[PDB]
Amino acid sequence: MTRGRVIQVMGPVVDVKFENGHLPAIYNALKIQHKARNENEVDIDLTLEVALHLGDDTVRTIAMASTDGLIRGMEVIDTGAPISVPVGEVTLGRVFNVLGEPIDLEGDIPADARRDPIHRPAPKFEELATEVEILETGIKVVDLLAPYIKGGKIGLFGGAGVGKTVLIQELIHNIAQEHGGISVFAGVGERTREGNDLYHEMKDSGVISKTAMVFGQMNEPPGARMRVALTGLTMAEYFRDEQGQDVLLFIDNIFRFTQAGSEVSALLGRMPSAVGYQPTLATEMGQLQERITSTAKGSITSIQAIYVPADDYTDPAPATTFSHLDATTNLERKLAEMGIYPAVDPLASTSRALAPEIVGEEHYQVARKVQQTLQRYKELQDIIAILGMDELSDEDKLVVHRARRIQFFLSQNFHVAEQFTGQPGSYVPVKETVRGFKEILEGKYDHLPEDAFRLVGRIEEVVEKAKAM
Amino acid sequence: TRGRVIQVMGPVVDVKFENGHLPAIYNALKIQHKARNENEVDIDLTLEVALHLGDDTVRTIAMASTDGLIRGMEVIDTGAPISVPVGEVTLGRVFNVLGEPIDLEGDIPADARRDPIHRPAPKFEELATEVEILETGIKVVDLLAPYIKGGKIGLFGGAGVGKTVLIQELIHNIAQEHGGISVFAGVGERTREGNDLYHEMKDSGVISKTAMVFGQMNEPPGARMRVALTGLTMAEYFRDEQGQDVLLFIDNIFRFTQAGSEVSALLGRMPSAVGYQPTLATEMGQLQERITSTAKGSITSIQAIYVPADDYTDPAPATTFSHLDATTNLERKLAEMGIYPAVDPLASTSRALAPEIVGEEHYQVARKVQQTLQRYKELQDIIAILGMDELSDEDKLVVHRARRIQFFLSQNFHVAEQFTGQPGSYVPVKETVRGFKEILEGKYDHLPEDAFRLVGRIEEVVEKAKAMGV
Amino acid sequence: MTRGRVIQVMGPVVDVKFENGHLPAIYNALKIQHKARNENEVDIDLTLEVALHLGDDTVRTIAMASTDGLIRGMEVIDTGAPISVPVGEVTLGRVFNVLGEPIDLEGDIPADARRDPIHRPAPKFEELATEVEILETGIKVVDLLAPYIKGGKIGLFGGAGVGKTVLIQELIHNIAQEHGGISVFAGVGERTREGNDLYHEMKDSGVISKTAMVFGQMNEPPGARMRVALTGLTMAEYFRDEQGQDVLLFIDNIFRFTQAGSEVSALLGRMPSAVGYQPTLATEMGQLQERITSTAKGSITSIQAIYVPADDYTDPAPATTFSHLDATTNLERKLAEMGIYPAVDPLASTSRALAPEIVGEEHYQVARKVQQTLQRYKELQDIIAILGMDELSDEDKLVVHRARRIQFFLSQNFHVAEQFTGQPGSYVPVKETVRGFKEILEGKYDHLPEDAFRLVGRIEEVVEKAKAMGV
Amino acid sequence: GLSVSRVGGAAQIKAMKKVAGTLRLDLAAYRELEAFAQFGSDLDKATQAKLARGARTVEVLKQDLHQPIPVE
Amino acid sequence: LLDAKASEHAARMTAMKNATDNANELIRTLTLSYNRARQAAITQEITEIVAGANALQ
Amino acid sequence: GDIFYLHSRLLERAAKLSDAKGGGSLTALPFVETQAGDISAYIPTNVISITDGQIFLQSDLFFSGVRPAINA
């Protein structure tokens, strides 16, 4: 029989003792439902993740909630599996904690629903996809200068008023519109009021009916914040595997995953690794980000926010995330104050997929000419500042006259911004933005005014916006 | 009710009493052992209980050296913590950590009153409601960094600057114009300097009002931990019973923290960040929250601080600076320039320099003094390299007034009468605010650059200037 | 008849338990010879040396080879002595492993040969010899600024891939033929291919048969590498004691001795010392390094390469060995990236023989004025880095203009570096490098370009290289 | 400059005291004004006079090895 | 002389621009060294703290 | 290990409630003392990463006379 006794409680770490031979495996879930039998006790509903086997039939667990009220000798349910989290169409449009329970007040998920284990081994070498194919977003700065990958890890660099949530939300809308997939937002260790604001933005933008939210936030123990990306990822894996579609998987502040792992390691009593990180930093990051892959069934492509502490890109928590990333989309405050949406910095944003053997020769040459034109414009900024707009040369005036048209053609009208600006917003396929930037580079649209290029989708649409102005 | 020595581990001795007769924590335990043969040494210790271990076992800290201890010596329980003699008896005397006279003037009889070292801090309902200012009669102190009555002052000063002269004139001025006893406590620094300080007490004559306690670097770290508490126990008698405004000098309060860091590693405690003990700020506050101004008395405290390697992010200066109310940073540039006391006017700050505490006129006068001295400090490379002639006037007036301000900041001390013959002065705060206001108005710009050197008030400036023929 | 069982096997470290009152002393050698009774066993031929005593008749040992295959309960034979190493005239021209066994495939040393024990106490106070005289090397930095001593300890501090094996081979090429006495090479934790190359150039240059070689290369478990240098050292000190011979001793990476001690120290039950090193980081190296001495019977002039981890000279294993050496040359990666070979830091490299009473007066004034101009140029580095050469006050321009020339005339072409560049290499006597640096300091060669001074033996070759450049 | 003596002055004899008191001033002035003579713009005649005073002070304070000087 | 004064002020402008560029390159190499040293300081201090904790058991 | 958890379960109790829960609010103002103005320490980076923005009070602005010394 799998009924155990609580031996030690010390903070978020609980030691539970079972009988011999009936020990729970590592990473299994252990429920404690204890109703108070008198006035000297506290009602407790609390689950535990098994972390070690200490010997003498004792098991060291980590806690998912507050351990206050626990008594040595309180009996523990062994569930016989890890944290089983509901999957399927019942999760789309719902907000969840790390246990797969609704934070929302809409209703409870029934007991007959399918629940997939939170800890799964990564898909094998024989199951992965051999070819690197491009996840087409319809956002021109993304799919022209830092192209995404089905099965790719992408770093959002920005936050605090540069349009990160709008970019996230437009990615959900475009992928669930054109590619037919869904999205999963996993808010790992990020504060409660930003989760509330993000919930109400996706509520009043219609985006939420095609996404599933998982919030494990700051007020929760470190074992609860560490398993958030895994319980959002096991929701993304249902639609990768059983449905066979291309899924987004947002992890807001992936650095909170690493530091929650460091806190669980410091509670478990392990000797610290380089700096303040756990010894298993690369192994925990690998067990996270090797399930975000493209198989023959579908894909999971993850857009992730990275904190980069101490402005240090060589700190081990940035340095082990960057070994899994494939693209970076630097969001800039200067492009947001200029009137360019999305605020993706075109020169700072790089991608591994921007290569002729992956996307093609035409896209590569157009994208590199756009990058060289914008780099030379940024170099000529100081000459225009100290010398004036005129009298530089003819070629410098021509490259400014093309580069400013380019840097305003990068912005789009979003479908999510339709509720604020009234214009419907556009999905721009990648052949049309390659053709549009090639025609801007060849001088086909020098005679049009440059404020027609701002916030418009295609190149025919800037033809009609210039003839309407 | 005797106990035997289990372990001797450096300064740390484990003692096992009988069951049910354990001593309370912080009690003093004594080992008077006579050598039974030629293979033993006469030992005489006072052990202080620090912890309680498992099976009737007590872990103690030795106030003296543990060399010569045998596992099995009988240990005597005093039934009380380290009882230190207090009162009028302690004035003019140098004491040990255990409250025993180091000097050869005798010993204190057994019928005298002895108070325990370890006492709780005064309660919230017993403290003073308004901030009062302890008036020292020193113009740098009373103008630019005022000492609050019951607060804590940091001295930043090495040697050759006049730290000891400043200490003994604070003793003189408080015992003159306030009737307040001073108590010196030398916590683990430079037995040579403690001897020099004691003979400067004997020469200056401020030994008759000072009780002194020395446990220096030559002593094990429990003694250096408990020195400041012994001196504070002596000062709390005068505060509680006599109702006086008492000074309490702790020389190198940093050694109080590092003695705890030396003890705690041997007690069996896990190390805190930067190698310090885990109970750093707790045993710092259990010292310094006893230094308060209650309703009936006051203890103000001037505390020398040796910041190790000038690292102000170190945890022991951090926990020391969290309690301070003012600094008086002594600099050798002003001491070699001739300005005594050599207090840096711009670096020495205070919490009291605020218009609710000092008034509005004092605040604006001291603020304009700080502004013109900052403007004179940021012209020093220009004056030293380019010269006075290239100084672009409306700055030459600034250097003209700032020299006269920084020489008027120096006093003739009562202590330095024996070295110069000049009798010394006690300058109230209203007269020094009026004097610096009259210098800032430009009333005394016609006077020479000297005659501000080593004078008390502003009428002494014009009498010294007409004594030189001006 | 008293043998012991294996109790614990933890990496390189084996616990052996003997009977009561029959346990060995510290440092004695223990042999494991097992016969592999069934399919589940492996033949073993191990030597263990005692390191500690643990109580309950158990003994904490360090293995000299790999412990893969040891079973608990395996029987251990005590030998009653430390690791005995054969020595005499029979070790000249032979190559040995850490147990003193020949590995050059030329035969086996007989059992009746003389075997000195490895572990002996250091030479005392009254036995040492403190004469100081210059060992001439033909290297301009070494002859000018840090003169080596014939009979003293010499250290080649450097990072990884900075030039100290090239410098140890250049000193072998310049000294070992001219020496006329026995050489000993101890290879502690260097490359195994550098032991093959060095053996074959000893065979080609005839320095073998007056050379005894011992290799304990970086493939070996750390119990070997803690004892390699002691085997080479007992071979050298036989010659200087029993024969009174002059002995050259070469150790490439004596850092690997202390690193191999650090690899075993955690398993021996010790608390971590400074950084990751043993607590005994100074006495384990002092009991080795202070046996490498010149006494009244003979002298050992020992030239030792010393690795510096992560280019950190403040690390405890490079820091605690500066106090052992008479002359040092500190190699810099910053100079090796400038093309300056040997990349000897001219300021940080010192000697006990740069005194006016030893090298003479003129040598000393030229050396100190070279160091003074290089120190003034190092002081001017920041002004040159930000404001450039333009603001220096016309004597500082002359300091920089001469110090570039001095810094490049410290670099030299080697005979050993002919395989790197094709340039044949030079041997500069002490009088000619003092004359060349004196003529650079006098202003005689300010008109020549500064790239004409790189990798050049004497100062007439500076003249002819500038002539070929077109000045 | 950085080397401190804490007893200092009470250690010295009176003849060393009278003249070391101005040696220290001359050398501290040289240490302060040598910083403004590294590059740039040619300090005036009084500053160069005390730079020459300080450079001769530095040349006085040098010695050689194992030959001490008596106090006189 | 007017042409020479114009070229003087232009040369001082260019010299101070090059000085700011050299100073900023020194800033970025020193912040690389600062990041390496703060990393080594953090790992060295926590190795000391956990060694002192493991010493007790 | 739970020193971030310590401040986070404190500072996530400061909330503007919804109008269904009553409409009340708890606004918090934590303070963090720094030594010589380094915010790259451990408890400053934790509480900066928890709270909803910050207010810097520099000692350079306080010394120069800007009171309150809020670095904007």
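Order as written gives the chain letters A, B, C, D, E and F; numbering starts at 1 within each chain.
The rule is short, and it goes like this: a residue touches a chain if its C-beta (ideal position, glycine included) is under 8 Å from a C-beta of that chain, and two chains touch if they have at least 3 such contacts.
Novice: Report which interface contains more C-beta contacts, comparing A-E against B-F.
Specialist: Between B-F and A-E, contacts are more numerous in A-E.
Novice: Between subunit A and subunit D, what's the gap in Å when you average each chain's C-alpha atoms?
Specialist: Averaging C-alpha atoms per chain gives centres 66 Å apart.
Novice: Just curious, how far off is subunit D from subunit B if you go by their C-alpha centres, in Å?
Specialist: Comparing mean C-alpha positions, subunit D is 35 Å from subunit B.
Novice: For subunit B versus subunit E, what separation do you get between their C-alpha means, in angstrom?
Specialist: 40
Novice: Roughly how far is subunit B from subunit C, going centre to centre by Cα mean, in whole Å?
Specialist: Centre separation, subunit B to subunit C: 55 Å.
Novice: Going by the touch rule set out above, which residues of subunit C reach two or more other chains?
Specialist: 387
Novice: Could you list the positions in subunit D whose residues touch two or more of the other chains?
Specialist: Residues of subunit D touching two or more partner chains: there are none.
Novice: So which stretches of subunit E touch two or more other chains?
Specialist: Correct list: 38, 47.
Novice: Between which chains is there touch?
Specialist: Inter-chain contacts occur between A-E, A-F, B-D, B-E, B-F, C-D, C-E.
Novice: Help me check something: in the complex, which residues belonging to subunit D touch subunit B?
Specialist: By the definition above, subunit D touches subunit B via 4, 6, 8-9, 25, 32-33, 36, 43-44, 47.
Novice: What does subunit F use to touch subunit A in their complex?
Specialist: Going through subunit F, the ones touching subunit A are 1-2, 4-5, 8-9, 11-13, 15-16, 40, 45, 49-50, 52.
Novice: Touching subunit E in the complex: which residues of subunit A?
Specialist: 271-272, 274-276, 310, 312, 314-315
Novice: So in the complex, which bits of subunit B are touching subunit D?
Specialist: The contact residues of subunit B facing subunit D are 158-160, 336, 381, 384-385, 387.
Novice: How about subunit E: which of its residues touch subunit C in the complex?
Specialist: Touching subunit C from subunit E are residues 15, 18-19, 22-23, 26, 44, 47, 51, 55.
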